[PDB]
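J.: Chains as they are written, first to last, in PDB author numbering: chain J, 6 to 174; chain x, 2 to 44, 48 to 71, 75 to 83, 87 to 91, 102 to 108, 116 to 515; chain m, 66 to 130; chain r, 197 to 261; chain D, 7 to 117, 133 to 278; chain w, 9 to 159, 174 to 201; chain v, 9 to 254, 260 to 276. No residue lacks a Cβ here, since even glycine has one placed at the ideal position from N, Cα and C.
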RNA sequence: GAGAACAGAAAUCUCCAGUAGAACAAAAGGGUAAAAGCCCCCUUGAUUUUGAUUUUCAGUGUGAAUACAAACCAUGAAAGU
RNA sequence: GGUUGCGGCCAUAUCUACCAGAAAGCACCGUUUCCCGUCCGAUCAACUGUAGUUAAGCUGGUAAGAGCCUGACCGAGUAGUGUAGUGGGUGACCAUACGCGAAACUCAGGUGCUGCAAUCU
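1. State the Cα-Cα distance for the pair residue 263 (chain x) and residue 447 (chain x), rounded to the nearest angstrom.
2. Which residues, in chain order, does the segment 162-182 of chain v contribute to contact with chain m at a C-beta distance below 7 angstroms?
3. Between residue 115 (chain x) and residue 396 (chain x), which are expected to be in contact by the criterion C-beta below 8 angstroms, what is the C-beta distance as a whole number of angstroms?
4. Would you kindly report the start and end of the unbroken alpha helix (DSSP H) that includes residue 33 (chain v)?
5. Chain m beta carbons: is any one of them nearer than 8 angstroms to that of residue 342 (chain x)?
6. Buried or exposed for residue 288 (chain x), going by 16 or more other Cβ atoms inside 10 Å?
7. Apart from the five residues just before and just after residue 185 (chain v), which ones in its own chain have a Cβ nearer than 6 angstroms to its Cβ?
8. Mind reading off the beta-carbon distance from residue 234 (chain v) to residue 49 (chain v)? Whole number of angstroms is fine, and I expect it under 8 angstroms.
9. Three or more C-beta pairs under 8 angstroms: does that hold for the segment 20-33 of chain w against the segment 84-100 of chain w?
10. Which of the three DSSP states is assigned to residue 501 (chain x) in this structure?
11. Looking at chain m, which residues of the segment 206-221 of chain r have a Cβ within less than 7 angstroms of any of its Cβ atoms?
12. Would you mind telling me which residues of chain r sit closer than 7 angstroms to residue 2 (chain x), beta carbon to beta carbon, in chain order?
13. Compare the beta carbon distance of residue 215 (chain x) and residue 170 (chain x) with 8 angstroms and say whether it is the shorter of the two.
14. Spell out a yes or no on whether the segment 74-82 of chain w and the segment 228-236 of chain r are touching, meaning 3 or more CB-CB pairs, one atom from each, closer than 8 angstroms.
15. Quick one: what's residue 171 (chain x) bridged to in DSSP?
16. In chain w, which residues lie with their C-beta within 7 angstroms of the C-beta of residue 137 (chain D)?
17. Kindly indicate the opening and closing residues of the alpha helix (DSSP H) around residue 49 (chain w).
18. Under the three-state reduction of DSSP, which class applies to residue 116 (chain v): helix, strand or coil?
19. Using a Cβ-Cβ cut-off of less than 7 angstroms, give me the residues of the segment 461-484 of chain x that come near chain D, in sequence order.
20. Please classify residue 276 (chain v): is it buried, with 16 or more other beta-carbons within 10 angstroms of its beta-carbon, or exposed?
21. Consult DSSP for residue 131 (chain J) and reduce its assignment to one of helix, strand or coil.
22. At least one CB of chain w closer than 8 angstroms to the CB of residue 488 (chain x): is that the case?
23. According to DSSP, is residue 32 (chain D) part of a helix, a strand, or is it coil?
24. Give me the DSSP bridge partner(s) of residue 120 (chain D).
25. Helix or strand or just coil, what does DSSP make of residue 84 (chain m)?
26. Using C-beta distances below 8 angstroms, list every residue in its chain close to residue 331 (chain x), excluding the 5 sequence neighbours before and after it, in chain order.
27. By the three-class DSSP mapping on this structure, what secondary structure does residue 100 (chain D) have?
28. Buried or exposed, going by whether 16 or more other CB atoms sit within 10 Å of the CB of residue 69 (chain x)?
29. Just reading off the alpha helix (DSSP H) that residue 157 (chain J) is part of, what are its end residues?
30. Once you ignore the five residues that flank residue 315 (chain x) on each side, which residues in its own chain have a CB closer than 6 angstroms to its CB?
31. Can you tell me where the beta strand (DSSP E) with residue 491 (chain x) in it begins and where it stops?
32. Just the C-alpha distance for residue 204 (chain v) and residue 93 (chain w), rounded to the nearest angstrom, thanks.
33. Would you list the residues sitting across from residue 231 (chain v) in a DSSP beta bridge?
34. So, with DSSP's three-state summary, where would you put residue 154 (chain v)?
35. For residue 54 (chain J) and residue 148 (chain J), I'd like the C-alpha separation in whole angstroms.
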């Protein structure tokens, strides 16, 4: 028994990481804006890395956070790329999961010749109602053990909701 | 900022000694005290036991068999009420002072941004102090929810500035005289105009006055007297909206008009002459008062505050019936008129002759007294609500205080650094408030003849000040375009 | 011939001398209470706004214009 | 006049306190009745001398408000 | 699991900081620091908002704890004709008015420092942890306390209708918020927009048959009732303290040998 | 209700610290832990001392102001504040007086040569070329002109000379507190 | 960052010195009741206090250096030491530093009959408030140990010095009396520290001006058995009372005129 | 640690633990930790006026430096800083 | 005796895992027109108290749990250190008495008390 709780989706975050910082980043911000319907937020380089010539505070990646019915809709578009199968190691120990794809067109964009074949990462976070007790300012607390989302729980939620195509649990 | 000189070394050496110890009276000395009243005259031979102030009051309540307080000073030995040790036989003059106590006003609540241009006039409602109207140069008046300090209704309808406001002394109608040569009656509850404007004078309206409620027959509404620069004052029937009959004869403009409680109007003018009318004899100019030697700016009656609020008091308690309203107004008006022993009320007026005359036109036609001292023109005068005191707002920065019965000089209130425009009394006759050409309001302790609190906060000069009848709010307005409400 | 310029400074549009209201009552009351002893001499005068302090009293007003 | 604040030609003249064109002087504004927020009254304020008093007789200054 | 020294090496925060209830740096500023060495006691109007209620209570900070001098809660407002909407901005104003008039009454300023006589009551708004947003109901309680005659310092900025690009308040939007103008407008264009959404969201007003345009009336009469009688009435004791304890003790778990 | 309470030896006061020092005769047999009327005795005695203290204290000179509530850092018009004297009792300071700061060789130079210390006119000086007031130093000071002026590099030469004069100033000052 | 530059300035010497912060140090032998008195007395001092929360191996009459180090690192001058032993039960050693070297020890042991805050009732009161002192017993003016303890407690609890005082804040008195008068050679009566809250009732003897005041006991009923004492060196005492140093026939007349009397 | 096209041990995104294995200019006591760290918003200053310390030849009153104070000034809803 | 708001002491209060929670309260929770803020009504702000739920927070209880705490004459006035003497020895050093003066070990106990206000089968 469960008092109407379920593994509801908080938010999925769409990362576009780039080895560099040029006009490709503005292109990626444009494609993320067009896809998610929100203005993305660029990410500053954490620390310098000479492998790809990363320099601190330079903009590596754009990402957007999206919630609610829009999140459901865009994740539904995304698994169509996966055809409702995804390997098990995607599923976190904390219940979360995500996946990646090398393209934009298949999940619903026209080619738009300036927008070439550029990549994208999904990652979806899922926690039961009552997650606010971690985020709220006053009387911040921790979510209880019987409430915390686990790997198996997201497995079952994925099974009953979309399809049953986890590969190798 | 320049400072008080610091104490010297000997000053600090003496400030550490056991000092200024209150005399902690010993129980032995006892000297006689004789009782005579300042209000009208002398009343016996008594020897009280160096007693405290309160049981002088109980001694009077026992003497006349009432058990209203009293004051107990004289010779204004230290004129002070140990309460009768060396501070005051003892020649004990007394008088009835006031029933309640108004808390001095200290904090600008906030500024309200309703009016689009300079505020020119403001009156508090007589029944309550949650209501207030201010007329400004934006052609409009506004009703202020001055307990929530927020605008209620914008009162539009004048084609030019609004120059004078008055709340009907039964608390029923608001009138707004204007730079249009037209006055308008307003619904204080709805914000809608009471029909058409009162097309009247040929020049701008300068003043407004209503009938004291103790004179109106029960069941009818008070009339309204309006003056203007054309030198004529009209009297309107506020329900039939007709100029019931005009009233003319001033060669120059009319600065102010008051509707007394003896049926006699009074009308100051720039022709150096205030003339008394009689409303009963169809407004015939029954008398002329001519002693002033330049423009006569203002007028105040000994009963004027009561005339303004006759149907109410500081409690704001509503009148049960209009006949009861009239009865209450009548017992209010005689409370400050017969108190001298007869229904004899006085009138003071201030002119640019730099001076003030005291009049008692009901019996005389020549001044009671010479009130000089000011170095520039006197802009405003108002008696204390009990009629025992007079204060003059004068340009030359100053305010002076006079004995309200014989016009004798008492003191001066210095502290303003620009010309003082208006002065509003507290309803308990203990506190003033003044507005100046400088930005500041100030309140004054009449008992100690000294400033109580300076009240800055206006960006620019302040033209209006009013003290609500329950003594809990005041208001201001001026070139700053914004209404300040101040409270304890 | 010098280069006589005056810079745009905020200091020149600010107040330089203010007098408290309480200091005004203090000095206004102290002016009357002072007495001069013939053996006291003035070494140095306080810089005071006497225009706000030397307000005497008067029994007669100026005649009108 | 209360003080000479800045003669634009040179600080030697300011020390000498000469009044020429453009010198910033401090004046006793207690007559004007300026009151600052907070209730203090301004009685000293700067003014720039706008004429050449040597060839006019008088010192004409404009107030730095 | 955590290492034995890691629990030992750790120093524990204060009890009302473990549970996120006090910002005791702000509490330090509010209680311990003074602008003047003049040893004036300083009171502290604290306003708190629960999911259902509003707590306004002036608090003197004392050597052995905080002592409440007066207190007023939103759930008292049914006494004054506001039977619903107990958390909204107008309710915050009403509660501030109530606590203001209540402490003004019980302190002797309505209806031992011998040196002067009467003296206005200055308090300081303690908000605690909720953010200082313009529009916040905590400043509604501020406005209510100030308009009630509680002489708490504040500024124009955080009242609703104060504009950033302009420099002043807009008193019309404010007066809307004192009298529930925003809720009246919402319920108007909600019954105009979607009937089901209006009905599910305002079925208290529909049951009580309170109309949108009557919110002005109920808040005005509420203010007048508050100003006439702010004195606190302890509700009623259906059961004595012993009885409540006896009923409460029997759903307890008790310590064992 | 009595307030005028006396005792044979007078009480001295230190109103600066709000203290009253009593010097009358106390008996051991009234105070020791055998006596269960101990606390009442002490409370009464200190009540008497407080009563005289407050009697003197309220009878102090006291100042009252006319400033509004929304003033700056002072008392409001309504409240009348006792004006306390300096503390009569002498108490040990916390730290020695800060006089330990010495006198430098530039000052001896400026006292031998007829040097007058400069006036503090301000940071801004008139840049006659560009018609602006540019500060002498600091944020885009008029000494950081040659660093980006558009005419080995002479700019680095100025920067090195200037930086080593800064080093010299610090070098000279750090030998002055060895004096 | 120049936050530190402000801290060094706030620490370093000033003409009009700050309020003297107190440090409450628990020694190795800090039993629970001593921590209770420390909480209560430190509360009576706050906001000018710091409480250290670990055991400290400090013996203030054998190695005085650690106290000097703590008076340096914490700007606090006044200090307190929690100690107990079979020789000295419930002992508080009250330190005073001048500069940062030691100006005073004193050794006050708490008799077992003490009472805390929690043993009493409480009224309205405000923390961080200036207390008024009473010192009974003639020996405070004269006897060296009692002069030392009087200056100790004044300097400890006087808080911030002020010249204008709000009558509302006169809310509690600190009362300190010697156990009884004595002669030379009898052993040093222990001192009685009591804290009382003021209550003023009207009394129409002197009028409205001066009320009748009666007291209510709140808080630390303490009895202090005097022990070992460190007296400052006479050079340090004569140099620790230096006035900051900030005229004949010349008087600052009222209204600020320098006047010379000519004679 | 567990995860997410590139993608590795170090690129970015996510959750969980963090309890200072963060940066407090750092001696070094304390962990200040809803900050003293990071980001954002607003914004000056070598202001003004008087007294203790200095110098004459202009000490003109602090004229000028200087000590201190007070008026301000900045910010904040406010306590305050 | 629950519960809330503000606190004092700031681990007897912490973290780790289970169970229980009547009523009220808290809370999660429902909705974005308005004030308001975000990449995102997640946080923040507002609105309803209405559509729901005690699952979580929170509070209790349990634990051969990890820590943490208290008292003791528990070491013990000892170890240690400070002061006199034909006390001494090649020496490091140690007798004898007398002021300060420990900790580990040991025994036993514990695992939140408490101030002001409001409200509760």
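T.: To lay it out plainly:
1. 33 angstroms
2. none
3. In the structure shown, chain x runs from 108 directly to 116, leaving residue 115 (chain x) without coordinates.
4. Taken as a continuous stretch (DSSP letters only), residue 33 (chain v) belongs to no alpha helix (DSSP H), being part of the beta strand (DSSP E) at 30-34.
5. no
6. Classified as buried, residue 288 (chain x) has 16 or more neighbouring CB atoms from the shown chains inside 10 Å of its CB.
7. 144, 145, 200
8. Contact between residue 234 (chain v) and residue 49 (chain v) fails: their C-beta atoms lie close to 17 angstroms from each other, not under 8 angstroms.
9. Judged by Cβ distances under 8 angstroms, the segment 20-33 of chain w makes contact with the segment 84-100 of chain w, as three or more pairs qualify.
10. strand
11. 206, 218, 220
12. Scanning chain r for C-beta atoms nearer than 7 angstroms to the C-beta of residue 2 (chain x) yields 236, reported in chain order.
13. yes
14. yes
15. According to DSSP, which records beta bridges pairwise, residue 171 (chain x) is partnered with x:178.
16. 86, 87, 88
17. 46-66
18. strand
19. none
20. exposed
21. strand
22. no
23. helix
24. In the structure shown, chain D runs from 117 directly to 133, leaving residue 120 (chain D) without coordinates.
25. strand
26. 285, 409, 410
27. helix
28. exposed
29. Unbroken alpha helix (DSSP H) run through residue 157 (chain J): 156-166.
30. Excluding sequence neighbours, residue 315 (chain x) sits near 302.
31. 489-494
32. 24 angstroms
33. v:200
34. Looking at residue 154 (chain v) - three-state DSSP - the assignment turns out to be helix.
35. Each residue's alpha carbon lies about 37 angstroms from the other.
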